[PDB]
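Contents: one structure, followed by commentary.
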There are 2 protein chains.
Amino acid sequence: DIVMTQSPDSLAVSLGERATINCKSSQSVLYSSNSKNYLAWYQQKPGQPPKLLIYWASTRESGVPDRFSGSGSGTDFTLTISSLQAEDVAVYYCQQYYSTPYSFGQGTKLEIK
Amino acid sequence: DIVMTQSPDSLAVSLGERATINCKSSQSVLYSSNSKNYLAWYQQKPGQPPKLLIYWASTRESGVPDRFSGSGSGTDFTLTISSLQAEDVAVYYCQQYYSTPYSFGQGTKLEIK
């Protein structure tokens, strides 16, 4: 299957600052035909279900603020959260939905420091 | 003075993976004339003195492996350590030496997870 590796496993960040999370797939999830990367980012707040923030590697779900920015292509992807806010503490997961089974990464725990 | 802000404050990373540290100066440290950014990165291993890894924002000191890569320009800078190794646990500091006093950032603690 396609393996998704996140880094770092966790990080402590200060309010107002920038959190940068990496995610790489074992094989390209970039669809040659339409040029869309089949990668999604989820935000899982403490004691809550996962919540889809971004798909197509960089397209935000409705309601998602501009501070959450997905990027990258092919095998390298990055979620960047600018202006950290209290409400941002959560575990972030990346997921390739390029081929079955769709795989999640182990997550990146973001805490406020 | 020029204020240097690092993010994240700390991070737990797994061996073989990539650590990404950010650093921004309150004002550009890019010297218009020669186009060199007056930014340095130090590595301070547990119980040891700081050690200069990169200067000119991206030039490595002799002996520094290619896995440590400095980047960015003007106000945005990033140290990227690929293939994390045990020997990489340390606190990383960025420092602008553009104007006196040369300022350090608060550091970014990297631990193995």
Scanning the range A:8-57 residue by residue, those on the phi > 0 side of the Ramachandran plot and of a type in the set (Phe, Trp, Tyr) turn out to be A:56
When the range B:81-103 is examined, which residues are found to be surrounded by 17 or more Cβ atoms within 10 Å (Cβ to Cβ) and closer than 22 Å to residue B:46 by Cα?
-> B:81, B:84, B:88, B:90, B:91, B:92, B:93, B:94, B:95, B:103
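Picking from B:69, B:35, which residue would you name as being more than 28 Å from residue A:77 (Cα to Cα) and without any contact (Cβ under 8 Å) to a residue 60 or more places away in the chain?
Numbers: B:69 fails: more than 28 Å from residue A:77 (Cα to Cα).
Step by step, each of B:69, B:35 is checked, and only B:35 is more than 28 Å from residue A:77 (Cα to Cα) and without any contact (Cβ under 8 Å) to a residue 60 or more places away in the chain.
Just to be sure, is residue B:102 in contact (Cβ under 8 Å) with a residue 40 or more places away in the chain and within 13 Å of residue B:39 (Cα to Cα)?
Details: in contact (Cβ under 8 Å) with a residue 40 or more places away in the chain: no; within 13 Å of residue B:39 (Cα to Cα): yes.
For residue B:102, the condition - in contact (Cβ under 8 Å) with a residue 40 or more places away in the chain and within 13 Å of residue B:39 (Cα to Cα) - is not met.
From A:9, A:76, A:1, which residue is closer than 29 Å to residue B:5 by Cα and either surrounded by fewer than 17 Cβ atoms within 10 Å (Cβ to Cβ) or hydroxyl-bearing (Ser, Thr, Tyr) (or both)? Give the derivation first.
Working: A:9 fails: either surrounded by fewer than 17 Cβ atoms within 10 Å (Cβ to Cβ) or hydroxyl-bearing (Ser, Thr, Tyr) (or both); A:1 fails: closer than 29 Å to residue B:5 by Cα.
Step by step, each of A:9, A:76, A:1 is checked, and only A:76 is closer than 29 Å to residue B:5 by Cα and either surrounded by fewer than 17 Cβ atoms within 10 Å (Cβ to Cβ) or hydroxyl-bearing (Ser, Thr, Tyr) (or both).
Positions of Cβ are generated from backbone atoms using ideal geometry, with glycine treated the same way; all protein chains shown enter the neighbour counts. Values quoted throughout were computed directly from the atomic coordinates according to the rules given, and no laboratory measurement underlies them.
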